[PDB]
């Protein structure tokens, strides 16, 4: 049988096209300053942090460090990707494959460009069925998921180095659209993290700086709470450390 929650989530899945960029900037603008935003950096998975936020989050959203060209990443390379962790534990794949999200994949593929495009998919009330360990949750917990691909900085470096000056501007403006989806959908709690910093090989300090700059500027006080849940099993914890250091000025009471 189709799992509970899936049908309603798929039918409510929505595409944000690049032409919505100003609508997202306006939504951020209208919401800036609403709260004293609290921030934190944790070493949790995206869904551990979401499940810990749920009970006291009015509208909870999380970022999917998405593939531009295949729902769920096509399930290639293994279980170190965040997006495959999301599709393993939740109904997200059933949303990403929806007919209305298909332009995101078709256009990004048609771009023949490792910066990808400014399409974003919004997936309402995605049910989380399992925890990090794969055990069945007694009750699925719903989360709203924003799907956006960071620029593929590894592929720029190796395949089209004349786009190298475009990686950070791309990352910066698309991070702006992610927050703008969240503000347009009037989300209070956001689970962010090291978007683009593994398979896509973006620089962790650069990505956390870009989220810092936005949460101190255009998106300042637009959200109740922001969690940078940064899973990092590398020996020196360089990703988690880069986020912790770069986001120490924001994560203050």
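Residue numbers count along the first chain shown, from 1. Only the largest set of C-alpha atoms that superpose within 1.5 Å between the two forms is called the rigid core.
Asker: Report the stretch with the higher root mean square CA deviation, pooled over structures and residues in 4 other deposited structures of this protein, choosing between 163-171 and 84-92 after a rigid core fit.
Answerer: The stretch that sits farther from the shown form in 4 other deposited structures of this protein is 84-92.
Asker: Stretch 25-33 versus stretch 52-60: after rigid core alignment, which one is farther off in C-alpha RMS in 4 other deposited structures of this protein?
Answerer: Stretch with the larger root mean square C-alpha distance in 4 other deposited structures of this protein: 52-60.
Asker: Is residue 142 unresolved, in the sense of carrying no coordinates, in at least a third of the other compared entries?
Answerer: Counting only entries that model residues on both sides, residue 142 is resolved in every one of them.
Asker: At least a third of the other compared entries leaving residue 127 unmodelled, is that the case?
Answerer: no, residue 127 modelled in all other entries.
Asker: Tell me which of 4-12 and 244-252 has the higher mean C-alpha B-factor in the deposited entry.
Answerer: The recorded data point to 244-252.
Asker: Return whichever of 224-232 and 28-36 has the greater mean Cα B factor according to the PDB record.
Answerer: Taking the mean B-factor of the alpha carbons in each, 28-36 is higher.
Asker: Which of these, 89, 140, 74, 161, has its C-alpha atom at the highest B-factor, as the entry lists it?
Answerer: Of the options given, 74 has the highest CA B-factor in the PDB entry.
Asker: Quiz for you: based on the deposited Cα B-factor, which of 111, 147, 82, 97 is highest?
Answerer: Comparing C-alpha B-factors across 111, 147, 82, 97, the top value belongs to 111.
Asker: Within this chain, which third does the Cα B-factor at residue 198 fall in: lowest, middle or highest?
Answerer: It falls in the middle third of the chain.
Asker: Quick check for you: using the entry's CA B-factors within this chain, is residue 132 in the lowest, middle or highest third?
Answerer: Residue 132: CA B-factor falls in the highest third of its chain.
Asker: Ranked by Cα temperature factor within the chain, is residue 69 in the lowest third, the middle third or the highest third?
Answerer: Lowest third - that is where residue 69 ends up once the chain's C-alpha B-factors are sorted.
Asker: Looking at the temperature factor on the CA atom of residue 61, which third of the chain's modelled residues does it land in?
Answerer: Lowest third of the chain for residue 61's C-alpha B-factor.
Asker: What third of its chain, lowest, middle or highest, does the C-alpha temperature factor of residue 45 fall into?
Answerer: Residue 45: CA B-factor falls in the middle third of its chain.
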